[PDB]
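Okay, structure first, notes after.
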Amino acid sequence: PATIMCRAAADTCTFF
Amino acid sequence: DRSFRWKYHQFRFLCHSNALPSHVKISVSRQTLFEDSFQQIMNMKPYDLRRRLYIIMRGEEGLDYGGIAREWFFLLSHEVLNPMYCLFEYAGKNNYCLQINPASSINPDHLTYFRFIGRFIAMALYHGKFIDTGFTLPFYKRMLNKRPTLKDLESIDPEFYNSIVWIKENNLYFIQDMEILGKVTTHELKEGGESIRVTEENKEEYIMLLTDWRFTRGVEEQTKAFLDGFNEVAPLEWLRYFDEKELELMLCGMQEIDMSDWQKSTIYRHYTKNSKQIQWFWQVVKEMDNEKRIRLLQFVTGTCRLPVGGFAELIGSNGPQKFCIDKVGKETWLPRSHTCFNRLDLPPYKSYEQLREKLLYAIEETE
Ligand SMILES: *CC(=O)Nc1ccc(NC(=O)C*)cc1
């Protein structure tokens, strides 16, 4: 879906 | 031409858009860690490695599968380097410039071991976890199919770099002998290379061939095997937008930098601590996000990694070499680094809003 992008962004926000 | 910030969620999205459900169990003992994990993964199908990772590490109280996983990455990233595997070596003292050992062929099964590590790095990046193997930056360029430049030669083999510097700065046949465990072989740099002699017009071509050969000597297949296993799990094409230094930060992750320890373990040449340039320099380094400070550290040392104990224990070729600044070059030039010396050439810039610019540009658009 787009929840994937709505989880990728959270992966960057967290990691970096 | 976007920021590293954008490239992550567009790449991180690219992983998730291919992530599979369920989980995969990995049963290992920390004693037989390598030989377990090797036989584990290499017998497994590639894309199963995108499912949730359950690392069963026999004899456990642990249940936070996040901690064991992240722990497993650290521990395995160290353990692959074990010299009884004959896989890796260092060009300098104190573990400087991690590179493939060209004698890995001593293990008739070694190419698979390198293929495995490809699979492993892909897992480590696909599941967004970090390692501490400490690869060279040119390594990442090869993963990005970038050609490594002369600056890279300065980092890894100073005497070899300083040799070719002489040739370009003054005025042989297209071959290069290589001792492989006693037996020596004459590699044709080109077809018929043993017959063709070096000319002033051929030197331009000739110099390149060495630059590439120095990296791709006796490691041509270990690399080709490694890259296959990594590609088997995650396409290198996924990293087409990244550069060498961005990529290293993905695999090792970002840390906070002890800004004090940096200033307290920075040594100078020609400059002093109470110069206009330096008192400006730490001004610029302070109003700076952590993202650039590492990118700077990458620019000068050639690695985002810090060794044990802080900036004090900083190592270059020829032994310890603390963070060093030097009053070098024209102020119509950019500041450039010497990563084998962990040394920054910083011109006497006549203005603060000139140093700030000239600095950031060197970090941003050069290597
Ligand atoms: C849909 C969406 O935007 N989810 C989302 C993304 C990023 C963050 N930020 C962090 O996690 C730090 C929150 C929610």
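To make sure I understand, if each residue's beta carbon is the centre and we count other beta carbons within 10 Å, what order do A:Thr3, B:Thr223 fall in, fewest to most?
In order of increasing Cβ crowding within 10 Å: A:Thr3, B:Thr223.
Rounding to the nearest 20 debye, state how big the charge dipole of region B:150-216 is about its Cα centre with +1 on each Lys and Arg Cβ and -1 on each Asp and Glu Cβ.
Computed charge dipole of region B:150-216: roughly 80 debye.
Please compute the net charge surrounding B:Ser105, taking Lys and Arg as +1 and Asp and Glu as -1 over other residues with Cβ under 13 Å from its Cβ.
So the surrounding residues net to -2.
Considering Cα pairs under 8 angstrom that are at least six residues apart, work out the relative contact order of region B:259-365 and quote it in whole percent.
So the answer I get is 28 percent.
In what order do B:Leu236, B:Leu137 fall by count of nearby beta-carbon atoms within 10 Å, going from fewest to most?
Starting with the residue having the fewest Cβ neighbours, the order is B:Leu236, B:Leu137.
Give, rounded to the nearest 20 debye, the magnitude of the charge dipole that region B:259-365 has about its Cα centre when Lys and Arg contribute +1 at Cβ and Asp and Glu contribute -1 at Cβ.
In debye, rounded to 20, region B:259-365 gives about 320.
Restricting to region B:259-365, what percent of DSSP beta bridges are antiparallel, rounded to 5?
Antiparallel bridges: around 40 percent, rounded to the nearest 5.
Answer with one residue from B:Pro46, B:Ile56, B:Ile26: the one whose Cα lies farthest towards the positive end of the charge dipole of region B:16-75, charges on Cβ with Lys, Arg +1 and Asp, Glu -1.
Farthest along the dipole direction, towards plus: B:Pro46.
What is the calculated FRET efficiency for B:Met178 to B:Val308, with r their C-beta to C-beta distance and R₀ = 30 Å, to the nearest 0.05?
Calculated value: 0.30.
Apply 1/(1 + (r/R0)^6) to the Cβ-Cβ distance of B:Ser265 and B:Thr186, taking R0 = 45 Å, and write down the FRET efficiency to the nearest 0.05.
That gives a FRET efficiency of 0.45.
As an exercise, use a Förster radius of 45 Å and the Cβ-Cβ distance of B:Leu63 and B:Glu205 to find the FRET efficiency, rounded to the nearest 0.05.
0.15
How long is the gain from B:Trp6 to B:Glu79 if the chain were fully straight, where each residue apart is worth 0.36 nm and the alpha carbon distance is subtracted?
Full extension of this stretch gives 23.0 nm more.
Filter the cross-link list B:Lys190/B:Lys224; B:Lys203/B:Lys330; B:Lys292/B:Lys330 down to pairs whose alpha-carbon distance in this structure exceeds 27 Å.
Going by Cα-Cα distance, B:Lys203/B:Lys330 fall outside the 27 Å limit.
Please work out how much length the chain gains when fully extended from B:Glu357 to B:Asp258, using 0.36 nm per residue of separation minus the C-alpha to C-alpha distance, in nm with one decimal.
Full extension of this stretch gives 33.3 nm more.
For a footprinting-style exposure proxy, rank B:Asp64, B:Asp48 by other Cβ within 10 Å, fewest first.
B:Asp64, B:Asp48
Can you compute the helix-only [θ] at 222 nm over chain B? Use -39500 (n - 2.57) per DSSP H run of at least 4 residues, normalise by all residues, nearest 500 deg cm²/dmol.
That comes out to -13500 deg cm²/dmol.
How large is the charge dipole for the protein assembly as shown, taken about the Cα centre, if only the Cβ atoms of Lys, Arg (+1) and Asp, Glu (-1) carry charge, to the nearest 20 debye?
Using only the charged Cβ atoms, the result is roughly 980 debye.
For B:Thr216 paired with A:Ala9, estimate the spin-label separation in nm (one decimal), with each label point 7 Å from Cα along the Cα-to-Cβ line.
Once both label points are built, they end up 4.2 nm from each other.
A quick note on method: Cβ atoms are made from the backbone with ideal geometry, for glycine too, and the neighbour counts reach across all protein chains shown. Read-outs: derived from the displayed coordinates by stated rules, not from any lab.
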